[PDB]
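Participant: This is the structure, below, for whatever I ask next.
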Amino acid sequence: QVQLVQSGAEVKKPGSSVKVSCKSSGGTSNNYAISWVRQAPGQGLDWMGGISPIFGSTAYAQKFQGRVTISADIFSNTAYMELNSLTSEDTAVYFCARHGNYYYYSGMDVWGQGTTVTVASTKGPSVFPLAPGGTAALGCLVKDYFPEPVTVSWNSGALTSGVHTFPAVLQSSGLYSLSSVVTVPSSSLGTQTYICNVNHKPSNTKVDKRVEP
Amino acid sequence: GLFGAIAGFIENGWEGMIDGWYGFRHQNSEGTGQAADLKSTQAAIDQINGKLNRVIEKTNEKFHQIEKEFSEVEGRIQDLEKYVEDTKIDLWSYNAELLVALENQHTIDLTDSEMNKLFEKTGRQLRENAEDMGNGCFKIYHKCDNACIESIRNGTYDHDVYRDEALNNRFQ
Amino acid sequence: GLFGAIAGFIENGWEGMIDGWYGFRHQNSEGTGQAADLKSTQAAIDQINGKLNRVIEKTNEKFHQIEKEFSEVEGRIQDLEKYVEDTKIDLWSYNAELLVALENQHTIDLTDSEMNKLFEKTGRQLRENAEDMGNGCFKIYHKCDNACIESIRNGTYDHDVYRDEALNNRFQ
Amino acid sequence: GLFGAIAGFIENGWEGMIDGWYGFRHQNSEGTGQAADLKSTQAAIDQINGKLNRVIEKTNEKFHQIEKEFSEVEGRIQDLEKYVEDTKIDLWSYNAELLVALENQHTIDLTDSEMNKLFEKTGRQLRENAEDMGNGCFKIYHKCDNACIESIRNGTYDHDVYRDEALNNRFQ
Amino acid sequence: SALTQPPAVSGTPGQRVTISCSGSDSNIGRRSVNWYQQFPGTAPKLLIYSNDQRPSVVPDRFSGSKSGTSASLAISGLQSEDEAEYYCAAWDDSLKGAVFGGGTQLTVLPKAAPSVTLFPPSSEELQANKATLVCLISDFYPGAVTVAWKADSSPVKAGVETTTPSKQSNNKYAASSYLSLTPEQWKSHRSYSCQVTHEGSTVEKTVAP
Amino acid sequence: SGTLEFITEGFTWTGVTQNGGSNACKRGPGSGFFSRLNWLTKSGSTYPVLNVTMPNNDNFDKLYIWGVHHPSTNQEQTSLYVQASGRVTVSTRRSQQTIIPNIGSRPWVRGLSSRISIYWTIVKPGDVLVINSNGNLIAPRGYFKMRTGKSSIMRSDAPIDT
């Protein structure tokens, strides 16, 4: 059973190019058409074009003609999509998908996992405490970082219950910010210490931050 | 080729068929048209991808071997090292030459075969309602509109529906 | 296969044909039946036995050769002995791989061919008294009882006897 | 052969065809005759000359080599010289055996194919005016004098001219 | 576009739901329709192809049909696991390319009011000459809120950034809104308020400097 | 073998001077020699019969590299080694190599018309090395650990890229 495995997330600056790969594992896809289909945030699916490498066909959507290059390496069972002159309009998840046969009419029945492309300079977060009955709410503000993702743990992973890490907001600056809040017994306020641990791999940032009443 | 279809009773290929390898062109009361045949096209493509993947599979991995260039004359042992390598290269060069000759002869014949199989299959659907004009075309002896043509192309044509009409036209 | 009969216009084989490789099934006014065709069956069997006997003929006889396992490191002469043997084994392994690939491709094609030759021969006997239904079956346009079917199967069918009856049924 | 024409639906060759490889014999109201088909004959000849010229092209040129006969026993180095040569000869002898087997199988199949292609082409010209008798002969259902036969042989036969006459004879 | 679908459909478990797809002569009219199902953050799945054909792995409660330049996906006996986005698709002979509908969000049909938490700027952040008000919205359904920021009693018209709603593990939704102010603006007023309206009803919280 | 891993061993060379060097082989500012070899010469007015052993009690093969010095003149031979003709015999339990130095000039290279010839001996686990010499021995300092695997060597002037 073939799986399509795509390359990892990309963070790109305006005007640059991105080349995403799609590897067919567990068998070849060279005798089929593979298409590239993108999905902008909150939007629908949009065909970019496709390739059927033994058949010898490469096809492009008119709206992307000239800006996208689709290619394949039959020897490594890999298909590629290169999109040039990137702007924020190209921020999207890009999928590769295999058709039921050698051409683009048939239903696409095998899909890759998708590749996120975000169109900023790498920057680690500045972390601030969010200070606090029965139960209380305390957290950390994770400010001005790029790119996604950030991981947040509490008390070095010891505290998992009541933790709610919210999806980041994407600012007009191009940077992200998120918050992580943990809900906790207020009695356990003047005894147990609460520390959030924020890890941002792309900048190799690791911050612990104590949150006090 | 062995089957005599491609470069044979089919006089030439169609540069205008740009969405398939094999297909149909028709003329009827609603005009003319063209459509790729997906099954024949994919059968050829799948066989070709099959043989390509067998050929480009698994290079050998080799590490420490023998020396193959020499900076001093040495005689007997060097003579043998060079002969062993020259012998090896000539054998692999022969294997490579023969492999592409055999593969290519067979690719031409299998694609000719797929053309011929589609033609024969189409003929068999039409039964007594058409005749082979001898150039890869069938003369269909009944009114056959776009939906009728599509029924042939998708393999659901019902010859009995049209048989009376066709026989009247063919034989009377 | 190259001829498009087996796994082609013949949609599948018959598990119920247990006394021959190729044959006939019929339906007529006296019921239905099946019979192996002995000549086609034997032609395929004889060709396959022919190629088998060529392949399994005459192993080579060899006596004193070279050593192929060694209990001590020795360097140059042992390197060469091992290389000569490794080279030989890789060449014979290649010959063996290629031989069965070529033979097997050809066995599939020759058996497909024998199916197609029987079909064509049958068609030719029937002349204008039958039509090819496109699935390896002939529609015979006259009363054709068990003895008539057997006359086709044994190659003595006289098309002229039935031609008037058949043409009346086909064309009018 | 793969196509089933030569030594197949064509029951035998014609020793009396002495001016071509493939051709036509006819019977009509003006008598009987025979004519070679030049195009099919030349297509086969050209393919055979093509493969012959590939095979007999370019012997290798070699000059100083190794000794291959010896007047004294010497042991290890002579053992290796003789083994290298014996190994080489056995590989070339295998290449020679396989080359003629493959070439000859293919020559038989390509000549069978050319017979079959001519038969199919002739059938296609005749359209509904003739029927395949199943033995490489067409029954033509209209008066067809020497000039008409020649129009078939030279590829300019106009089936429409004779269609009414032929259909009347075939079907009524 | 090219293909047009309703943005939303809903039903109860066991109900029959239909999703329409309007096209033109150059696509649905003359070409076969495919349908895809997509769960958030995962790749689409082929549901129907060739108009009404169903992959073996797809439950028989899914069916498709095509008439004229229109197509329809029907889900008989709606199940909770069918909550997803649905796309129709076809080749278009005018654009010479594959086209998709805009997508339909299917909701399997209780309302839940949003929990709100509002944090004031931390002292640390003020020292860094910035101030951020953090409004955290959770546990609401359906998944659509709007957010209003109050300075004193007046509406803020700057520095408000609010996320899209996202589905929580409990099938309810969460969002968050951020207010960015100068430490002076945080001092300049006595009260700031995050106002979250959800299905007409408004939840509010407030912090004071 | 794919490695130059070297393990010094505590050979004892009784009655000779160790660590000879040459201005043909400078190491920093002074005269020097190959780092893995030990040029032995007379001590006082004698060069005794060296006779030393080094067992392999490890479970891998040891590679010993050693040498024989060929002086360009008899004066050099006797100044260094006292004996008029030297000899080096290195053996294991099933192998032996004896080299007799040959006195005379070779072409002048870095100031020297003398030469060293290099030999090697592999010693398997449970075997033992014996070195016996009465002059002209360029001694090993230890052994190279032998490995098996995929390593090789190639001659190329191509640059190496990332």
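Residues in the structure tokens are numbered from 1 in each chain, the chains being A, B, ... in the order shown, and ligands are numbered from 1 in the order shown.
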Select, as a PyMOL selection string, those residues of chain E with any atom no more than 9 Å from chain A (distances computed using only C-alpha atoms).

Facilitator: chain E and resi 1+31-36+41-50+55+87+89-91+95-103+117+119-125+134+136+161-164+166+174-178

Participant: Quick check: residues of chain C within 9 Å of chain B, only C-alpha atoms, returned as a count of residues only.

Facilitator: 21

Participant: Show which residues sit within 7 Å of region 193-207 of chain E, as a ChimeraX atom specification. Count only C-alpha atoms, and ignore same-chain residues fewer than 6 positions away.

Facilitator: /E:113,116,118,120,135,144-151

Participant: Could you please write out, as an MDAnalysis selection string, every residue of chain C that DSSP assigns to helix (DSSP H, G or I)?

Facilitator: chainID C and resid 38:56 76:129 146:154 159:171

Participant: For region 35-49 of chain C, work out the shell of residues within 8 Å, counting only C-alpha atoms and skipping chain neighbours fewer than 3 positions away, then give it as a list in words.

Facilitator: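 Surrounding residues, per the criterion: residues 17, 19, 20, 21, 22, 23, 24, 25, 52, 53, 107, 110, 111, 114, 115, 118 and 153 of chain C.
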
Participant: Output N, CA, C and O atoms for every residue in the selection just made, as an mmCIF file, in the first residue's frame.

Facilitator:
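Now in result21.cif:
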```cif
data_model
loop_
_atom_site.group_PDB
_atom_site.id
_atom_site.type_symbol
_atom_site.label_atom_id
_atom_site.label_comp_id
_atom_site.auth_asym_id
_atom_site.auth_seq_id
_atom_site.Cartn_x
_atom_site.Cartn_y
_atom_site.Cartn_z
ATOM 1 N N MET C 17 -12.529 -26.739 -17.589
ATOM 2 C CA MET C 17 -11.883 -27.469 -18.661
ATOM 3 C C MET C 17 -10.732 -28.195 -18.014
ATOM 4 O O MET C 17 -9.681 -27.620 -17.732
ATOM 5 N N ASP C 19 -9.688 -31.449 -19.169
ATOM 6 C CA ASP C 19 -9.091 -32.469 -20.040
ATOM 7 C C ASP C 19 -8.379 -31.908 -21.285
ATOM 8 O O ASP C 19 -8.182 -32.611 -22.266
ATOM 9 N N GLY C 20 -7.976 -30.653 -21.240
ATOM 10 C CA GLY C 20 -7.283 -30.031 -22.346
ATOM 11 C C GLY C 20 -6.890 -28.634 -21.932
ATOM 12 O O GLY C 20 -7.303 -28.156 -20.881
ATOM 13 N N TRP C 21 -6.073 -27.986 -22.741
ATOM 14 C CA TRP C 21 -5.633 -26.641 -22.448
ATOM 15 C C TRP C 21 -6.517 -25.624 -23.172
ATOM 16 O O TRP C 21 -6.694 -24.508 -22.685
ATOM 17 N N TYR C 22 -7.011 -26.009 -24.343
ATOM 18 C CA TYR C 22 -7.848 -25.136 -25.187
ATOM 19 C C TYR C 22 -9.056 -25.964 -25.599
ATOM 20 O O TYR C 22 -8.950 -27.188 -25.705
ATOM 21 N N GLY C 23 -10.186 -25.313 -25.873
ATOM 22 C CA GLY C 23 -11.352 -26.065 -26.293
ATOM 23 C C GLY C 23 -12.562 -25.220 -26.614
ATOM 24 O O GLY C 23 -12.457 -23.985 -26.800
ATOM 25 N N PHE C 24 -13.710 -25.894 -26.642
ATOM 26 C CA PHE C 24 -14.938 -25.339 -27.150
ATOM 27 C C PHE C 24 -16.034 -25.559 -26.118
ATOM 28 O O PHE C 24 -16.101 -26.616 -25.469
ATOM 29 N N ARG C 25 -16.905 -24.576 -25.982
ATOM 30 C CA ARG C 25 -18.168 -24.786 -25.293
ATOM 31 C C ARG C 25 -19.266 -24.368 -26.255
ATOM 32 O O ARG C 25 -19.088 -23.412 -27.002
ATOM 33 N N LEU C 52 11.714 -26.806 -22.482
ATOM 34 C CA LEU C 52 12.144 -27.364 -21.205
ATOM 35 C C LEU C 52 13.305 -28.308 -21.428
ATOM 36 O O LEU C 52 14.331 -28.288 -20.706
ATOM 37 N N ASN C 53 13.184 -29.140 -22.444
ATOM 38 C CA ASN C 53 14.236 -30.125 -22.706
ATOM 39 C C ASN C 53 15.508 -29.436 -23.189
ATOM 40 O O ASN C 53 16.608 -29.928 -22.932
ATOM 41 N N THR C 107 6.766 -18.040 -23.389
ATOM 42 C CA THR C 107 5.776 -19.082 -23.096
ATOM 43 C C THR C 107 4.396 -18.476 -22.979
ATOM 44 O O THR C 107 3.395 -19.050 -23.471
ATOM 45 N N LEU C 110 3.414 -17.587 -26.582
ATOM 46 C CA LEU C 110 3.146 -18.694 -27.500
ATOM 47 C C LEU C 110 1.814 -19.361 -27.118
ATOM 48 O O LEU C 110 1.070 -19.836 -27.968
ATOM 49 N N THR C 111 1.511 -19.391 -25.837
ATOM 50 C CA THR C 111 0.205 -19.947 -25.436
ATOM 51 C C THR C 111 -0.981 -19.042 -25.847
ATOM 52 O O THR C 111 -2.081 -19.548 -26.232
ATOM 53 N N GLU C 114 -1.454 -19.661 -29.531
ATOM 54 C CA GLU C 114 -2.180 -20.902 -29.836
ATOM 55 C C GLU C 114 -3.702 -20.695 -29.628
ATOM 56 O O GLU C 114 -4.512 -21.200 -30.416
ATOM 57 N N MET C 115 -4.077 -19.953 -28.588
ATOM 58 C CA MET C 115 -5.509 -19.620 -28.401
ATOM 59 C C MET C 115 -6.052 -18.852 -29.613
ATOM 60 O O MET C 115 -7.114 -19.174 -30.167
ATOM 61 N N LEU C 118 -6.423 -20.989 -32.875
ATOM 62 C CA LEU C 118 -7.617 -21.823 -32.849
ATOM 63 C C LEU C 118 -8.883 -21.013 -33.150
ATOM 64 O O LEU C 118 -9.735 -21.472 -33.897
ATOM 65 N N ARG C 153 -15.660 -28.914 -34.686
ATOM 66 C CA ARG C 153 -14.568 -29.255 -33.796
ATOM 67 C C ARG C 153 -13.555 -30.173 -34.493
ATOM 68 O O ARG C 153 -12.375 -30.064 -34.219
#
```

Participant: At a cut-off of 9 Å, using only C-alpha atoms, what residues contact residue 159 (chain A)? Leave out same-chain residues fewer than 5 positions from it and give the result as a PyMOL selection string.

Facilitator: chain A and resi 153-154+182+194

Participant: Convert the current residue selection to file output with N, CA, C and O atoms, as a short mmCIF file (atom, residue, chain, number, x, y, z; two decimals), in the first residue's frame.

Facilitator:
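Now in again-v6.cif:
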```
data_model
loop_
_atom_site.label_atom_id
_atom_site.label_comp_id
_atom_site.auth_asym_id
_atom_site.auth_seq_id
_atom_site.Cartn_x
_atom_site.Cartn_y
_atom_site.Cartn_z
N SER A 153 5.31 23.46 28.08
CA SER A 153 5.01 22.51 29.13
C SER A 153 4.96 23.24 30.47
O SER A 153 5.44 24.37 30.58
N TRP A 154 4.37 22.60 31.47
CA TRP A 154 4.32 23.18 32.81
C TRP A 154 5.04 22.29 33.82
O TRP A 154 4.90 21.07 33.80
N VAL A 182 -3.19 27.33 32.52
CA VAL A 182 -3.51 26.12 33.26
C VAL A 182 -4.50 26.45 34.38
O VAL A 182 -4.36 27.47 35.08
N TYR A 194 4.51 27.26 40.11
CA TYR A 194 4.12 27.02 38.72
C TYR A 194 5.07 27.69 37.74
O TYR A 194 5.24 28.92 37.75
#
```

Participant: In Å to one decimal, how far is CA of residue 31 (chain F) from CA of residue 43 (chain F)?

Facilitator: 19.4 Å

Participant: Find the nearest atom pair between each residue of chain F and chain C for residues within 12 Å, count only C-alpha atoms, give distances in Å to one decimal, sort rows by chain and ascending number, and present the table as CSV.

Facilitator:
```
residue,atom,partner,partner_atom,distance
F:94,CA,C:72,CA,11.0
F:95,CA,C:72,CA,11.8
F:122,CA,C:73,CA,10.4
F:124,CA,C:73,CA,11.5
```

Participant: Using backbone DSSP assignments, extract all strand (DSSP E or B) residues from region 132-165 of chain E; output them as a ChimeraX atom specification.

Facilitator: /E:132-141,146-151,154-155,160-162

Participant: If we count only C-alpha atoms, what is near residue 145 (chain A) at a cut-off of 8 Å, once residues fewer than 2 positions away on the same chain are taken out, given as a ChimeraX atom specification?

Facilitator: /A:122-126,142-143,147-148,175-177

Participant: Could you please determine the separation between CA of residue 126 (chain F) and CA of residue 138 (chain F) in Å, to one decimal place?

Facilitator: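 According to the coordinates, CA of residue 126 (chain F) and CA of residue 138 (chain F) are separated by 24.9 Å.
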
Participant: Figure out the distance between CA of residue 115 (chain F) and CA of residue 35 (chain F), please, to one decimal in Å.

Facilitator: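 One can read the CA of residue 35 (chain F) to CA of residue 115 (chain F) distance as 17.1 Å.
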